[PDB]
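The structure appears right after this line, and notes come after that.
Here, each number is a calculation from the coordinates, and none is a lab measurement. Don't worry about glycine lacking a Cβ; one is built from the backbone with ideal geometry, like all the others, and counts go over all protein chains shown.
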Amino acid sequence: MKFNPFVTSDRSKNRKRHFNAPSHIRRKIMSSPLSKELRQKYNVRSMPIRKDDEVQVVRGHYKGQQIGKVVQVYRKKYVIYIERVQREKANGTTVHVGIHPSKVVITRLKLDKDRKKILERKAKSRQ
Amino acid sequence: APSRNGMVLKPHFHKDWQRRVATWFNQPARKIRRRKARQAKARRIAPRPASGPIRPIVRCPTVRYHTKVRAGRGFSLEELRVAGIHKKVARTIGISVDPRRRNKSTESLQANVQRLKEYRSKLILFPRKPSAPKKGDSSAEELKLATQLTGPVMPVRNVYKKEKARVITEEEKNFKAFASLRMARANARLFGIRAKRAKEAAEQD
Amino acid sequence: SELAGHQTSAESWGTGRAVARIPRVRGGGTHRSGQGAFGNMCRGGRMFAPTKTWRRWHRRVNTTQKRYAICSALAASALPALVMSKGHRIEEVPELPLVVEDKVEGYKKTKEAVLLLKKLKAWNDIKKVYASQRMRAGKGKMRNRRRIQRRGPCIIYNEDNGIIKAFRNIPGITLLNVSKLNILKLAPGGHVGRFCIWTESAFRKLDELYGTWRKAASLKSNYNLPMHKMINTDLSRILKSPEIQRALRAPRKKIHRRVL
RNA sequence: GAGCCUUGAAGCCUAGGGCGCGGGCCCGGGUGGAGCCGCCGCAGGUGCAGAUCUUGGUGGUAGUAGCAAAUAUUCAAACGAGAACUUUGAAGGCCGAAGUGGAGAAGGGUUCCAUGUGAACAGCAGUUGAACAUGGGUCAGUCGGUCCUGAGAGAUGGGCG
RNA sequence: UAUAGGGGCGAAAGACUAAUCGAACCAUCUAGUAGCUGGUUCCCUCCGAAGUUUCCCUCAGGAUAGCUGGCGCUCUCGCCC
RNA sequence: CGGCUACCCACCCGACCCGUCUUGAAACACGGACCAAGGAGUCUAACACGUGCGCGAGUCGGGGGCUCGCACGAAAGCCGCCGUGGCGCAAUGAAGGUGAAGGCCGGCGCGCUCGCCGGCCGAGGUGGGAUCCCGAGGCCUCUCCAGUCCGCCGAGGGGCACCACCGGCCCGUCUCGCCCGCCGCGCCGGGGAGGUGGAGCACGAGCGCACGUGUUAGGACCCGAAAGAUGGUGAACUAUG
RNA sequence: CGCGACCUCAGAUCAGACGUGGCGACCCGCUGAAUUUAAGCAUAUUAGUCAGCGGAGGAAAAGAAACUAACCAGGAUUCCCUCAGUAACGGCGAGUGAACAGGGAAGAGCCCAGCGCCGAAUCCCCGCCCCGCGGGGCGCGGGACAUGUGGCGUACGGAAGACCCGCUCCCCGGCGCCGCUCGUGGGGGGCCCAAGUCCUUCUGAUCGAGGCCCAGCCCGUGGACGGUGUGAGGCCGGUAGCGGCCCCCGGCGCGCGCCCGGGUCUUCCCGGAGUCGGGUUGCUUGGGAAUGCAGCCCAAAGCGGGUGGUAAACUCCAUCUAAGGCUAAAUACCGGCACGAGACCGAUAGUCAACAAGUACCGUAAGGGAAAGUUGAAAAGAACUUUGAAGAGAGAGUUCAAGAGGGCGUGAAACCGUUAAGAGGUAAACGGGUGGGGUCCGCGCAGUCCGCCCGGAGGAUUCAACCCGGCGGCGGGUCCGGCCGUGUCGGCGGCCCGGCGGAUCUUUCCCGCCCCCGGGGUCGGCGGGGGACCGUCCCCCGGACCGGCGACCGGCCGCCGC
RNA sequence: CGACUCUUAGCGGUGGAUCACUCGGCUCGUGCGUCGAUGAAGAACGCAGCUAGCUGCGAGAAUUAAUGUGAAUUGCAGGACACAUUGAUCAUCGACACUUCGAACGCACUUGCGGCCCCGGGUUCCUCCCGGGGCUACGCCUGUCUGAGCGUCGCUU
Ligand SMILES: [Mg+2]
Ligand SMILES: [Mg+2]
Ligand SMILES: [Mg+2]
Ligand SMILES: [Mg+2]
Ligand SMILES: [Mg+2]
Ligand SMILES: [Mg+2]
Ligand SMILES: [Mg+2]
Ligand SMILES: [Mg+2]
Ligand SMILES: [Mg+2]
Ligand SMILES: [Mg+2]
Ligand SMILES: [Mg+2]
Ligand SMILES: [Mg+2]
Ligand SMILES: [Mg+2]
Ligand SMILES: [Mg+2]
Ligand SMILES: [Mg+2]
Ligand SMILES: [Mg+2]
Ligand SMILES: [Mg+2]
Ligand SMILES: [Mg+2]
Ligand SMILES: [Mg+2]
Ligand SMILES: [Mg+2]
Ligand SMILES: [Mg+2]
Ligand SMILES: [Mg+2]
Ligand SMILES: [Mg+2]
Ligand SMILES: [Mg+2]
Ligand SMILES: [Mg+2]
Ligand SMILES: [Mg+2]
Ligand SMILES: [Mg+2]
Ligand SMILES: [Mg+2]
Ligand SMILES: [Mg+2]
Ligand SMILES: [Mg+2]
Ligand SMILES: [Mg+2]
Ligand SMILES: [Mg+2]
Ligand SMILES: [Mg+2]
Ligand SMILES: [Mg+2]
Ligand SMILES: [Mg+2]
Ligand SMILES: [Mg+2]
Ligand SMILES: [Mg+2]
Ligand SMILES: [Mg+2]
Ligand SMILES: [Mg+2]
Ligand SMILES: [Mg+2]
Ligand SMILES: [Mg+2]
Ligand SMILES: [Mg+2]
Ligand SMILES: [Mg+2]
Ligand SMILES: [Mg+2]
Ligand SMILES: [Mg+2]
Ligand SMILES: [Mg+2]
Ligand SMILES: [Mg+2]
Ligand SMILES: [Mg+2]
Ligand SMILES: [Mg+2]
Ligand SMILES: [Mg+2]
Ligand SMILES: [Mg+2]
Ligand SMILES: [Mg+2]
Ligand SMILES: [Mg+2]
Ligand SMILES: [Mg+2]
Ligand SMILES: [Mg+2]
Ligand SMILES: [Mg+2]
Ligand SMILES: [Mg+2]
Ligand SMILES: [Mg+2]
Ligand SMILES: [Mg+2]
Ligand SMILES: [Mg+2]
Ligand SMILES: [Mg+2]
Ligand SMILES: [Mg+2]
Ligand SMILES: [Mg+2]
Ligand SMILES: [Mg+2]
Ligand SMILES: [Mg+2]
Ligand SMILES: [Mg+2]
Ligand SMILES: [Mg+2]
Ligand SMILES: [Mg+2]
Ligand SMILES: [Mg+2]
Ligand SMILES: [Mg+2]
Ligand SMILES: [Mg+2]
Ligand SMILES: [Mg+2]
Ligand SMILES: [Mg+2]
Ligand SMILES: [Mg+2]
Ligand SMILES: [Mg+2]
Ligand SMILES: [Mg+2]
Ligand SMILES: [Mg+2]
Ligand SMILES: [Mg+2]
Ligand SMILES: [Mg+2]
Ligand SMILES: [Mg+2]
Ligand SMILES: [Mg+2]
Ligand SMILES: [Mg+2]
Ligand SMILES: [Mg+2]
């Protein structure tokens, strides 16, 4: 139950801060859980996403065991795009299909210096 | 406009009252503000008690209220001199100084003096250095409590006399009749005209 | 509303200009010019005799009735047929007025709390509250009040030591002190008979706090227990005691209907 | 109410089945796509035929009145899906120098000009236009403002407030 | 370029003063006032009028009695008067 | 085969279009072309009365203080050496002021249209008056004795509420009268008996909360004027320099 | 005549510094109506308010009595409840309308002119060093203010001076640093529990069902959000004296600067003027024989002046010291800055403005001022074919749906088109009564009734009748076993190792004092402490009473399932 | 029989009611309490690769620097994709910068007319010559400089 007098239970204010949060908060909102073997290996529940991961879909019309690479991230649309997930139009042109990143399981990361630092902050805080 | 047997109404509403209505809605918020102000005062002072200055013993001034007794304002510099202490030193000690107050009553004079002697007895002070002109040991474990509540020595203490038992005597129950008040009242009303007729009888030679 | 719907300026037209005698906005070009101005029956006028922020919201009750209602609610919480007739689950629960040990109020973890309720068999009642926490029906979903959730057992205690941290987020539960009672917690919805769970020191402190009929209450100054209207009140017992049935006329039971 | 529902709630329609004396309600059928009700209490901005009511919409009147002030058009051809109106030719006319001419002041603000479209606008139509869309156009020592004072207006000094 | 609203101007019509003038226009006081017109939204049950006295710068209105309804209360019945 | 139905049609009889002002409406009286949505006795203060609840000669915390900073907590709880205060418990006078106990018996002073003393009881009495109590007598299968038990009672007793009247008491005035008191002997107090004015007393019933109705002030059921004041904007039409 | 000194003055693009303009919700100063009310309307009321003008800050204003009172007296200002709808004002009509006592919240007092004492002991400007940073403050020489009056000592509560006695010898500001510190200083960012496990629906599932005796998992986290719907665990966050980094801030310790107060006694000093007040006239007030304010005129005093509520005189008493000034708090706040909530409205509502809203637009201008939310989960927005000059269409395709096709959710009524049925001279429509047809429902269509008991034809089971064994419950009794319950006494037991009440008492007691003659004396009084007495609830056994929803056991009666 | 008219009902159209949703209002309360000559509020004009509004900015114009953040903005191209350099975007924002009008300030407003001082080029220089910079409003205070007065006064002719 909410105990701060400085955070809102209010539906209007929460939806407004959600749909108008800037990009460096939209990164935190578009966050994905890690697979259970990788959370065993790294001791961390969730991470922000980027351009270069290896991604499996857990629910949708496109489900199960299809570990592909992300290519674009519209933070404006709260949508990532996956390389295997396609659909043709009428005119035979393929187009990526929108997947919200809560329905996304990360199987491999892209390792980088800031990702090592974020991962170490997660492990140090989970303690 | 009126009706059957009903009381004459003269309400005061012809003035445009709906503009200037100040309404108590911030009353719980003011109660919380004033609690936080008092707790902030208690933490901001020190060992000094809350409602810090001591208050005298003072009788009301109206044939209606003179039986009672009231926590007054200050100690009436004659009384504070009989206490044997200087003026602003009393303001630093925590003794209220009100120089306009006069003392006609030797009884309330001595009662204020007794209250001063009791406060000077209960006083525990701390100088800065180790000179310790006024002080002592580990002074009652920081006097075992830091802060007091609702007046220092409970300034009301409305004193109650008993007049327990006595044997009825004579003279009184043959003497103290109703007619004493009426004869004294007529004496007070006619105190002047009797003196004027005395001066007339002296003039008529 | 607190502000005018009279932001518009307005005049009437009169007996000429056939339409009406409502005030009208004056202007041109913009197609509000000539519509209905302030009033009730118009578009964008003030509501009739509008709400004002000095309405008499709060109401005062006498303190003796405030205490009387607490005594009546606690007395209604003691009878088993009342509290089952509200909707709790006391079918497999031990005694009515539950009173656990003082080891309870020193809890720190909530798993011990769930274990305590499961062994006291009120967990069926908690399971009902889990079963019924549906979404609100109505227009109230917009204004921050979305979960209908029924009230469960209220745990009453004194000398707070950490029982609030333990019992706090079990859903539907009520945690509530002795020296600060609530009618809004002891009878939610204005119906008497909410199930309650007590504690040893609390359940001993009750008779200090309200007294018996023989001695006055010690903690509350001027307050006695209430007067009692009918002393023994089993009406079947009274009517079938022999002192009444000595002095009854007769059972007259012939119907004597209409004769044609 | 261990209420009801994506196995379909609210709302809407219903030559369907009923209940109540009624206020109204219950079910069936079809649409419909995500919330809804019964009961005990409680609190209201709480129930429509009207107020020459307000706002929004649509009828009858009706394919009717009406597209008539200033004489007036006709033929052939072209581009075009399409020509009583566009353009060219020919013919016949009008304005007739106090003009339906040639240029300006105030006002308008891109309407000026070319190209392309003809959906809406031009009260019929249009291949056309001042419509829409794209892209262009206003060059000054000697033309005028700038300078002068006029009728006046207005500031400091002063006075009043 | 001058004159501005009880003000201006008028060869004088009470004309003109931005389609308004026997007192312009705009906003506010303002939801001004009205014994005077118009309307005043669900059902059923029960009871059910008055248009008369007196007084009022009262005669289209109100107060007063009278008429009505509701709330009751105090008694009376049931078992030769 | 049965079926009421807001389906449709036939036929007989009844059948004027609604709302309101009005003595009178179908009116040649006014408003209404049709449809959907909005649209009008609300809220506060104050008073009166009825109703429900709690406490009761009291009652009320509505203003403050007390609890750890916890969603619901702008809640709830407590104060009582916080009752200050409101309303009531005592009225009456313009005011100075004054301010509600009598009854029954014994005795005395001339028991004199008069006062004092002693004892006891205690809000007087009359007529009605729900109820209650007592009760002659009355009735229950052989004749005697029996108890509860049964029920009607003529009549009698005490008598609630309330009604009607008389008597009593307080205060203001008016009239007629004599006596007492003495922080001081006076244009000083106190007293008696009648007839009157009073929103009085004559064993107190209020206070708080809530609901209902009515009345009043508020924009107050909703809309409606010709006006008035304050402060500003206009001589591009027109008037005249 | 010149020069010098001032005094009055001007000038400057002199050196340096300052004011203007805005917002105006609250505050301050002035000015100032009228609608309305009184059923008319002149005073009154509306109101010293709307409008106007000038100012100000985070608050402002007020403020340390020229006071309240009249008795056992209080004591600056502010704000609340009361006072009180009262005293009072009023064509004594409508109406208007205080204040001191009382209880609270907050607590705070001071300085200067005058008077006199100190040899101008004072301040500003310029110039050089002094010092350390993020950045400016003490000291040394010369130009001024100023003797028509800087500074110190000084304020009506008395003050000063000089003896005498008695002590005391100081504090504020600047700098480095340690833990601090009431939410666990303030701000800024980044992070912190646990299932997307299994079947099953579906367009998609956050649906439904399930998880051992450890209750599948976490809970100081089950608020709320978004994600193809309705989530404690998929994600942000929520919880926590949860942890880390960065900044600034309020209360300890080295340097610089400043530093004799109290009591008695003696002498001396001691106050604000065109101001109060009076007359008169206007405004305002509840203020009446003038509360306050202002104009004009008259205009003082020193045991004075003002106030003491009915004008004036004489008199006594009380209280205060005006015409100079400063100051936090409690308090108001619809503007602003963020912020949190709601028995509030849900697009004709709520601000006029949910959207390119003070926008489009109207008027020359003052100014007036709108309409307008919704595809779908995802644009996947209809490829391609094929008529038509194109709009438009028919096939095809997208998706669960085009019955969602770009103002596109749901799509009502008025109205219109078409189909299906019926009908037609008294305009149509209605009520009562039927009849005919139609849509549709039910019924099974001369086969529709069911349930119990009793008498007959079959098998298959095992009660029951009777007893044994066992559990649980009913109903009563000795109130047995005890228990508690109701009353009355005994023990006062806990009275001091008991709660509380009492304007019962106890000076035979104790402490601070006062009284009488350093002590004693009840000679008496007050404040404070104990303890005898009554009034209730805590025990003991003994006896009275009842087994009452106060419940257990034994035996009895009588059921029960196995 | 048809046409017309009427009433029902199915379907279709016009129409945009009801219902459901809500980045919006309204009310209450807490915390804070801040503009301007060092040029405010307001207004005008301008600015994107494709650009009209809204929004955000000022000739450095859809933002510059710095701190935090850590791989994007997005309708479409491109461009830096660099990150074992400095590191995209977004927020914070304390350093820079801030066109013209506006209390508006050189005098007025018609973008007009000036006047000094200083610096670069001119005739290598003043005499109404180009570019750039600075200064040039009113009122008032403290001090400086200049000087008016048969105002008062001295010493002198
Ligand atoms: Mg909200
Ligand atoms: Mg009436
Ligand atoms: Mg009156
Ligand atoms: Mg008014
Ligand atoms: Mg208004
Ligand atoms: Mg208005
Ligand atoms: Mg509105
Ligand atoms: Mg609804
Ligand atoms: Mg939807
Ligand atoms: Mg319902
Ligand atoms: Mg319903
Ligand atoms: Mg509502
Ligand atoms: Mg309404
Ligand atoms: Mg209607
Ligand atoms: Mg009607
Ligand atoms: Mg109409
Ligand atoms: Mg209309
Ligand atoms: Mg029409
Ligand atoms: Mg014709
Ligand atoms: Mg025609
Ligand atoms: Mg023509
Ligand atoms: Mg051709
Ligand atoms: Mg041709
Ligand atoms: Mg033609
Ligand atoms: Mg001609
Ligand atoms: Mg011409
Ligand atoms: Mg046309
Ligand atoms: Mg062309
Ligand atoms: Mg052209
Ligand atoms: Mg165009
Ligand atoms: Mg040339
Ligand atoms: Mg020329
Ligand atoms: Mg002038
Ligand atoms: Mg001037
Ligand atoms: Mg006028
Ligand atoms: Mg005209
Ligand atoms: Mg009205
Ligand atoms: Mg009006
Ligand atoms: Mg009459
Ligand atoms: Mg009656
Ligand atoms: Mg009439
Ligand atoms: Mg008539
Ligand atoms: Mg009629
Ligand atoms: Mg009519
Ligand atoms: Mg009509
Ligand atoms: Mg409606
Ligand atoms: Mg009552
Ligand atoms: Mg009292
Ligand atoms: Mg008038
Ligand atoms: Mg006028
Ligand atoms: Mg004027
Ligand atoms: Mg002109
Ligand atoms: Mg009138
Ligand atoms: Mg009039
Ligand atoms: Mg006035
Ligand atoms: Mg104003
Ligand atoms: Mg200003
Ligand atoms: Mg400010
Ligand atoms: Mg003073
Ligand atoms: Mg009163
Ligand atoms: Mg007044
Ligand atoms: Mg969700
Ligand atoms: Mg969620
Ligand atoms: Mg998480
Ligand atoms: Mg007056
Ligand atoms: Mg004096
Ligand atoms: Mg005097
Ligand atoms: Mg005097
Ligand atoms: Mg003063
Ligand atoms: Mg002063
Ligand atoms: Mg203050
Ligand atoms: Mg809508
Ligand atoms: Mg609107
Ligand atoms: Mg979508
Ligand atoms: Mg569907
Ligand atoms: Mg739809
Ligand atoms: Mg749709
Ligand atoms: Mg037909
Ligand atoms: Mg349809
Ligand atoms: Mg619309
Ligand atoms: Mg950069
Ligand atoms: Mg200027
Ligand atoms: Mg320059």
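Ignoring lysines fewer than eight residues from A:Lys63 along the same chain, the ones with Cα atoms less than 19 angstrom from its Cα are A:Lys36, A:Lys103. Working note: 222 nm ellipticity from helices only, DSSP H runs with n ≥ 4, each -39,500 (n - 2.57), summed and divided by the residues of chain C, gives -6500 deg cm²/dmol to the nearest 500.
Report, in deg cm²/dmol and to the nearest 500, the calculated mean residue ellipticity at 222 nm for chain B, where each DSSP H run with n ≥ 4 adds -39500 (n - 2.57) and the sum is divided by the residue count. Numbers along the way, then the final one.
Details: 8 runs with 79 residues, N = 205.
Rounded to the nearest 500, it is -11500 deg cm²/dmol.
Which longest run of chain B has no exposed loop site in it, a site being chymotrypsin sites (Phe, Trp or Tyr not before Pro) in a DSSP loop with at most 14 other beta carbons within 10 Å, and the site itself not part of the run? Answer - B:66-159. Our summary gives chain A a relative contact order of 25 percent, counting only alpha carbon pairs under 8 angstrom and 6 or more residues apart.
Annotation: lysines with alpha-carbon distance below 26 angstrom to C:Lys139 (same-chain offsets under eight excluded): A:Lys2, A:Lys13, A:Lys16, C:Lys52, C:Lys128, C:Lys185. Taking amide H positions as modeled 1.01 Å from N, with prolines and chain starts lacking one, the residues under 5 Å from A:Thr107 and 5 or more places away or on another chain are A:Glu54, A:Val55, A:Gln56. Stokes-Einstein diffusion for region C:13-101 at 25 °C, viscosity 0.890 mPa s, with a Kirkwood radius from C-alpha pairs, works out to 121 µm²/s.
Remark on C:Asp102: its backbone amide H falls under 5 Å from those of C:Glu200, a criterion applied only to residues 5 or more positions apart or on other chains, H modelled at 1.01 Å from N.
Restricting region C:1-78 to trypsin sites (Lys or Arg not before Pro) that sit in a DSSP loop and have at most 11 other Cβ atoms within 10 Å of their own Cβ leaves C:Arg17, C:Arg21, C:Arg43, C:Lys52, C:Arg55, C:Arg56, C:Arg59, C:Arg60. Between region A:1-78 and region C:1-22, the alpha-carbon centres lie 56 Å apart. DSSP bridge analysis restricted to chain C gives an antiparallel fraction near 25%, rounded to the nearest 5.
Our summary gives region B:60-156 a relative contact order of 25 percent, counting only alpha carbon pairs under 8 angstrom and 6 or more residues apart.
Round to a whole angstrom and tell me the spacing of the C-alpha centers of region C:218-260 and region B:79-145. Taking the Cα centre of each part, region C:218-260 and region B:79-145 sit 73 Å apart. Rounded to the nearest whole Hz, the Karplus-based 3J(HN,Hα) values (6.51 cos²θ - 1.76 cosθ + 1.60, θ = phi - 60°) of region C:208-225 follow the sequence 6, 8, 10, x, 9, 6, 8, 10, 6, 6, 8, 7, 8, 6, 9, 9, 9, 6, with x at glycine and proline.
Note the direction-averaged projected area, equal to a quarter of the hull surface, for the Cα convex hull of region C:67-153, in nm². Intermediate results must be reported in sequence, preceding the final value.
Working: hull surface 33.4 nm².
Averaging across all directions leaves 8.4 nm² for the Cα convex hull.
In a reduced charge model with +1 at each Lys and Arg Cβ and -1 at each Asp and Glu Cβ, region B:47-205 shows a dipole moment near 500 debye about its Cα centre.
For chain B, the convex hull drawn through the C-alpha positions has a volume of 445 cubic angstrom per residue.
When DSSP beta bridges are restricted to pairs lying wholly in the protein assembly as shown, around 65% turn out antiparallel. Taking 28 Å as the limit for the C-alpha separation, the pairs C:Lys66/C:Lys229; C:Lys121/C:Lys165; B:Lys144/C:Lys180; A:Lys28/A:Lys113; B:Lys10/B:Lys68 exceed it in the case of B:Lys144/C:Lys180; B:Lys10/B:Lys68. Converting phi to 3J(HN,Hα) with the Karplus coefficients 6.51, -1.76 and 1.60 and the offset θ = phi - 60°, region B:156-170 yields 6, 6, 5, 6, 10, 8, 8, 6, 3, 9, 7, 7, 4, 10, 9 Hz in sequence order, with x at every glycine or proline. Between the residues B:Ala195, A:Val7, C:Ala216, the greatest Cα displacement towards the positive end of the dipole of the protein assembly as shown, with unit charges on the Cβ of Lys, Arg, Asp and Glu, is found for A:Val7. Each residue of region B:200-205 was assigned a 3J(HN,Hα) from its phi angle through the Karplus expression (A = 6.51, B = -1.76, C = 1.60, θ = phi - 60°), giving 5, 5, 6, 6, 6, 6 Hz with x at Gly and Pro.
Just tell me which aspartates and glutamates come within less than 19 Å, Cα to Cα, of B:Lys117; anything on the same chain fewer than 8 places away is out. Of all the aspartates and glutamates, those that pass the test against B:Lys117 - Cα under 19 Å, at least 8 places apart if same chain - are B:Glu78, B:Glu79, B:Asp98, B:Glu107.
Here chain C is treated as an ellipsoid with the same Cα gyration tensor; its semi-axes, largest first and in whole Å, are 55, 35, 22.
Which trypsin sites (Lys or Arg not before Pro) from region B:165-205 combine a DSSP loop assignment with at most 15 other Cβ atoms within 10 Å? Don't skip to the answer; put the middle values down first.
On the way: sites: B:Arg166, B:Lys173, B:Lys176, B:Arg182, B:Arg185, B:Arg189, B:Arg194, B:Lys196, B:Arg197, B:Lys199; in loops: B:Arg166, B:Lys176.
When the trypsin sites (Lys or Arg not before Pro) of region B:165-205 are filtered for loop state and at most 15 Cβ neighbours within 10 Å, B:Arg166, B:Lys176 remain.
Taking only the alpha carbons of the protein assembly as shown, we obtain Rg and Dmax values of 41.3, 148 Å in that order. Note on chain B: dipole from Cβ charges, positive end direction compared against B:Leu181, B:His66, B:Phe25; the farthest Cα belongs to B:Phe25.
For the protein assembly as shown, the dipole from Cβ point charges (+1 on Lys and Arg, -1 on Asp and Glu) about the Cα centre works out to 2160 debye, to the nearest 20.
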